[PDB]
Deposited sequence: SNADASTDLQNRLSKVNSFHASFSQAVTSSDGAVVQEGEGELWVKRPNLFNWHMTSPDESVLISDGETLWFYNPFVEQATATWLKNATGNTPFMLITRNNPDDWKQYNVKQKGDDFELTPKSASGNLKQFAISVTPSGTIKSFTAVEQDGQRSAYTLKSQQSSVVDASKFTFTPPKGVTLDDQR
């Protein structure tokens, strides 16, 4: 019931945009880092995730290649998307693949879902999503108790020009091409 319901809710909106706030907190309650950004998702296999502060970070899927880019160390990494897995709440959300969801035991409390893996450094993921499909927040907890929490705002369902899901490494950027 819980897993099927979560999947049904995520299936309702396949092209959306939203801003986010992030807080990484150790088990003792100390903040490791806080940041902000925005994200765009177009199922299937397309996304643009951009952390804008306090440091910039770029993660984009053009449908074939998954790109990671850090402007500060002037490095990018390229991999084939087909090799990627649902290893972060955001990746699970972009894929919404039944084969991924079956690897977790899912519990539901209203709009709040908790996912605990069936085998083994994660402890559990949490995703809050309304009945109509609005993603409100998501969290990843590690075995050491560290928590990575995201809250989403201004969530709008729209289809943006495909140009958002493309990336070419900027001039002067060293590409670690694992493809």
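By the record, the deposited chain contains unmodelled runs at 1-3, 124-125, with no C-alpha atoms placed there.
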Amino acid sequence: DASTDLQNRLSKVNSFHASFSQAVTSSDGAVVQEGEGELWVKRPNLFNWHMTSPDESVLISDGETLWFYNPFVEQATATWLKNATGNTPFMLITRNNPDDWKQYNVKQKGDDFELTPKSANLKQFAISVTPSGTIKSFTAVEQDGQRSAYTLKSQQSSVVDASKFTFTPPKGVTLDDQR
From here on, numbers count along this sequence of modelled residues.
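Higher average CA B factor: 157-165, of the stretches 6-14 and 157-165. Comparing the listed residues 48, 70, 121, 148, the entry records the largest Cα B-factor for 121. For residue 54, the recorded CA temperature factor ranks within the highest third of the chain's modelled residues.
Sort the modelled residues of the chain by CA B factor and residue 44 lands in the highest third. Annotation for residue 112: CA B-factor lies in the middle third of the chain's modelled residues. Residue 132 sits in the middle third of its chain by CA B factor, as recorded in the PDB entry. Ranked by Cα temperature factor within the chain, residue 144 sits in the highest third according to the deposited record.
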